[PDB]
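As a starting point, one isolated chain is supplied in structure tokens, in the form deposited without the ligand.
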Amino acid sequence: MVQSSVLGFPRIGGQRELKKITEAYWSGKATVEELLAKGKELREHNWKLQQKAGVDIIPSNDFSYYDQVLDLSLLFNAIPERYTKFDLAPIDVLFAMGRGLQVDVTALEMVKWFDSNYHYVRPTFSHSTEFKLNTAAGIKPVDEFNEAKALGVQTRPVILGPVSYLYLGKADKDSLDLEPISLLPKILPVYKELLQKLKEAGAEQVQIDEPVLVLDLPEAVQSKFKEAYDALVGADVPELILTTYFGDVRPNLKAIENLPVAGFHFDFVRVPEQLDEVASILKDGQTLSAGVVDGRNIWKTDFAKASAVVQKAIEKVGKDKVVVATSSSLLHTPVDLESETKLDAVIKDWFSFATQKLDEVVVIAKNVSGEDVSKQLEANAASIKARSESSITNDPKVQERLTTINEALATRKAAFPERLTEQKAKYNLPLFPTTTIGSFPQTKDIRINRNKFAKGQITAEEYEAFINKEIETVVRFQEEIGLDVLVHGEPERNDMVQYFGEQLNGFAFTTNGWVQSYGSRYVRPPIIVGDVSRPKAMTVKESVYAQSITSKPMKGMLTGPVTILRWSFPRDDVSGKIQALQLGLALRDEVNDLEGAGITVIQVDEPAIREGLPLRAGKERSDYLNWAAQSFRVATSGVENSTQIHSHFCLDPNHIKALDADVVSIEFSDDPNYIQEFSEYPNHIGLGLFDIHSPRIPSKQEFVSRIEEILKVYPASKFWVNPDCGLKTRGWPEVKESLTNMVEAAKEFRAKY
């Protein structure tokens, strides 16, 4: 009998209960007691759900109030002194570290979890760090194991392992020379103790996550797995299942081929081809957990293909030593497809969310164990077959237009220096031209009118009028502040990816398909279901209106192809690359419509352009850098030489050059040397002058200072002046003075040239 296994379950709740209750606690509507009661109920609910599906190996310690890496830092005493000064309970210390503390500590750094859309809180270590088991609050992994046990649910605790925990961490402000991995000897006894306590509590297996194995690791780091796991493994601890996901462990195979652990987990959804070699290093007695149900996407699994993968593993190591698993934690997928009320049934039949993936690992497990599941297999085969044959997936026009992609389509009529000549003639911008990034802060009357417009209570014309008033206000604001290259404020836009996805063929949307991004901030990504195309103008009306009321140049504002791809659920039947190129072609028609309508300054926002960087150096990485840049160039390369193309980012120098934008903005407000990278590079650059997440106002002199610093490493002829990013999240008085000061700073320099 082949067991089924779930590496972690999303914890936000089927109706976002975690968000409401944690925000109610932070706001003061709810007590901490209510907070913990509600966590307990979610955990219990998710455990019963997995037991009822028939999952054998069910996780615990996967729950978190904020972030599981942060939970380990609390638990192991990786707590910087700055967070202890305020008579705080452990759970408020956790929230302090996680989200800062309004008396003003900054939150610890949030960092992207590999190439997932989740963010963790970076473990932060000092020379003074003293690792130990904080048993004050309770020991969360032991307490949550015992809870699940009292329900009659045996679970497998999940903890991030010592190597990855340290390696993914950073030396604190006060210890810039400390190498985190050098702490391995201090933290090992603390892991050992925790594992003893879990065994004592009744844990027979522990899932110990070592995802850094899918990265490029120094040889000196690779040797530490043998050191860590020789120390951890013994009779007085649970069996350890060393767990990896998101990538290829093969280059690091030497580091794990002689480890005393009870088994391994590998991701055969991202890297099925690694199976033969990883299977071959299993010792007699070791188990192989085969990750064949994707933890990061929303597509119904192909039961025949998944079973085949599992069957290849059984061949190599025997049926008794194989486990059917989710490829990673289901943290990265929405909770329940059954909550969806709007999707057409044909499309929904192609999806499985977290709750459904429980059923998938169970059926696949039954199948290779020899139980009769033909009805499920045939139902699955039909879903897969309907999807591959649907006209939605295969658009002939789009397929042909892909055949036109070549380097000529991704090259502008002339190089920057010629282009600059024609742009100077046409716009005659001053030195130190000033701009902003696009968004300005919205009114109450806006959201209310959107809602009314969605209900048909005001007409299309009435709503248009309200948007244009907002645009009018914003433009007049910018004029009077003396900005040089204006924006329309994006008041019509909810979201920089959904706004576009809704207007493209090939996308579907959910009502409830929420995934945690960080803390209590959740996203509901679009889904790319098929071939993408643009049926009509998406942004032209608003931009034409904005330009029609000022003589300043107005930026069109688009989100680039790679950002749209990376912030959506992608298709799994075609490559990232093909999806980006189709998006680039679709955006090229929009650029063409803008330019044709007189919007001849156009910004393409690519904040996530690097987020898909393949996790290892090699062919796949260099291909990615090439196609990401090509897909941007395909969108922007059909314009006239005098059309000024901008790009915004928030980051490899040379990748940025390969985009060949006339003008760049880059989140900044930080070593000077980085800027010296662009000195003999002709295109123009605006390095963000202020943090838009703060309400604080820099002085004129502040700005003058900041500019003069950059100016020592970068010529005045190329320098734009702008904020790090949009201003959608700020208040109007912060905005007014900050932009005033920014621009009068600029003019002071303008005058001395």
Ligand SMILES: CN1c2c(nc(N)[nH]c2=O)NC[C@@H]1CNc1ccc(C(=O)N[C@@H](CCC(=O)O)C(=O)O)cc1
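Start at 1 with the first residue shown and count on from there.
Keep in mind that the form deposited with the ligand bound is not shown, yet the notes after this line are about it.
Classification of the binding site as open follows from the superposed pose of the ligand in the bound PDB entry: not one of its atoms falls inside 2.4 Å of a backbone or C-beta atom here.
Of the candidates 305, 85, 476, 521, 521 is the one whose heavy atoms come within 4.5 Å of the ligand in the bound PDB entry; the others do not. Contact with the ligand in the bound PDB entry, judged by any heavy atom within 4.5 Å, is made by just one of 468, 117, 205, 126: 117. The candidate spot formed by 626, 632 and 652 is out of contact with the ligand in the bound PDB entry: none of the three has a heavy atom within 4.5 Å. In the bound PDB entry, the ligand sits within 4.5 Å of a heavy atom of residue 19.
Although the partner is absent from this view, residue 222 stays clear of the ligand in the bound PDB entry, with no non-hydrogen atom inside 4.5 angstroms. The ligand in the bound PDB entry comes within 4.5 Å of a heavy atom belonging to residue 514.
In the bound PDB entry, none of the heavy atoms of residue 378 sits within 4.5 Å of a heavy atom of the ligand. Figure note: of the listed segments 292-300, 321-329, 256-264, 521-529, the one touching the ligand in the bound PDB entry, with heavy atoms no more than 4.5 Å away, is 521-529.
Taking the ligand as positioned in the bound PDB entry, the only residue of 556-577 that brings a heavy atom within 4.5 Å of it is 567.
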